[PDB]
Number of protein chains: 2
Amino acid sequence: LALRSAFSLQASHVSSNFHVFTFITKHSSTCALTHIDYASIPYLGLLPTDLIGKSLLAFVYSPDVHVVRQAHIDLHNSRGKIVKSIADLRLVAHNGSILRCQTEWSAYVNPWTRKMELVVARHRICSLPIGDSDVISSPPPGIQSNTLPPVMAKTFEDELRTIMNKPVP
Amino acid sequence: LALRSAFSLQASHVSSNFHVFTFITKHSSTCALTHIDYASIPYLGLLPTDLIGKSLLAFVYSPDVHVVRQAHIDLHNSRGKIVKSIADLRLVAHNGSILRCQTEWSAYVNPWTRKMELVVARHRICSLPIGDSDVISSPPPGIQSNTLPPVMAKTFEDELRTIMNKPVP
């Protein structure tokens with residue numbers, strides 16, 4: 001079974017509207033991702049194996065991590081009800097191409113510990129990503145890293161754990 | 001590292017109150033378990049490997065499955081807020097011993113699909129289980145199965161999926 005980019009799938013799906021598409025990510029209060037729709041594979045090229053052990057920050061466009069941070073703070077204050085992002089969220093596909101999304105956030109609050117224990121995000125793409133359309137491919141040698149370097153990922157992840165470990169008021 | 005029953009751990013934890021204990025299970029809307037506190041191992045003897053692919057019904061005391069069923073129906077109508085069980089919930093440890101609990105239920109409702117997508121249960125034990133105290137052990141040959149037979153597990157699991165697949169009113 002071949003895996004193919006959303007652009008490529010158009011040739012054999014001539015009536016579909018591949019620019020019209022939403023997908024969900026989920027992660028726990030360790031920041032560890034526990035879910036991404038498989039339907040997102042033609043859009044980001046990211047496999048469950050790519051993501052085992054990592055947070056959203058493994059593929060968020062680096063200067064957009066503040067969108068994520070503020071979403072967790074806004075969720076703590078809404079007690080998990082739907083919050084809007086402060087700006088578009090851009091995600092980096094496996095091949096380095098950039099997928100701009102509009103993202104809404106939801107959170108599950110454990111009623112006994114009163115802490116957030118699941119964060120759910122619904123991403124609505126604005127288009128197919130800019131760059132080469134074959135997100136399934138490997139990125140080209142000599143591309144700048146467009147995600148956070150490990151030390152900064154750990155720095156922002158540390159703060160998100162602290163936010164989620166605080167009892168919801 | 002040895003794994004030991006809660007009764008056994010008393011000898012080297014002379015000030016602890018092992019009869020005072022609560023633990024959480026979690027499962028998704030396929031009924032598939034995704035979580036059980038590791039601290040429950042001295043109480044039930046059940047490992048993550050015992051549970052990969054199974055629902056709560058793999059270790060609920062068989063005539064108590066109605067407690068679970070009604071909890072899912074009561075959660076659908078509460079929209080995920082804390083519901084009480086209609087009766088005690090008894091769980092079957094790995095060695096066949098029976099652990100009676102008082103259980104409260106919580107559920108996460110996806111705000112976009114409006115369906116339950118996580119069910120969380122907080123189990124408060126009433127005592128150490130009746131039967132041999134070494135829940136870590138294998139059950140004795142020639143014991144009656146005190147959980148649902150596979151055909152009935154699949155029958156009750158089918159209904160729980162149907163309950164959870166219905167949009168919360």
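Bear in mind these aren't lab numbers, they're just calculated from the coordinates by the rules spelled out. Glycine also receives a Cβ, built like all others from the backbone with ideal geometry; neighbour counts cover every protein chain displayed.
Cα-based radius of gyration for chain B, normalised by 2.2 N^0.38 Å, reads 1.05. Between copies, B:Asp158 shows label-point distances of 5.4 nm, shortest first, with the point placed 7 angstrom from Cα along Cα to C-beta.
Seen from A:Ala32, the other residues with C-beta closer than 11 Å to its C-beta sum to a net charge of +2, counting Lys and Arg as +1 and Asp and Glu as -1.
For A:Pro141, the label point sits 7 Å beyond Cα toward Cβ; its separations from the matching points on the remaining copies run 6.2 nm, from shortest to longest.
Principal semi-axes of the equivalent ellipsoid, √(5λ) from the alpha carbon gyration tensor of the protein assembly as shown, are 41, 22, 20 Å from largest down.
For segment A:17-59 and segment B:15-65, what is the separation of their Cα centres, given in Å? For segment A:17-59 versus segment B:15-65, the Cα centre distance is 28 Å. Taking other residues whose beta carbon is less than 14 angstrom from the beta carbon of B:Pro169, and scoring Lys, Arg as +1 and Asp, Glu as -1, yields +4.
When only DSSP loop residues count, what chymotrypsin sites (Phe, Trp or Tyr not before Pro) in segment B:99-169 have their Cβ near at most 15 other Cβ atoms within 10 Å? For chymotrypsin sites (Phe, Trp or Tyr not before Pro) across segment B:99-169 that sit outside H, G, I, E and B with at most 15 neighbouring Cβ atoms in 10 Å, the list reads B:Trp112.
A label point on B:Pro169, set 7 Å along the Cα-to-Cβ line, lies at 3.5 nm from each of its counterparts in the other copies, closest listed first.
What sits nearest the axis between copies B and A, counting only chain B Cβ atoms, is the residue and whole-Å distance B:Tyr108, 2.
Please compute the net charge surrounding A:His123, taking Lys and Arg as +1 and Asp and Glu as -1 over other residues with Cβ under 11 Å from its Cβ. Spelling it out: positives minus negatives among the neighbours equals +1.
Listed by chain and number, the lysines whose C-alpha is less than 19 Å from the C-alpha of B:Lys154, apart from same-chain residues fewer than 8 away, are B:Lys26, B:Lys54, B:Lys166.
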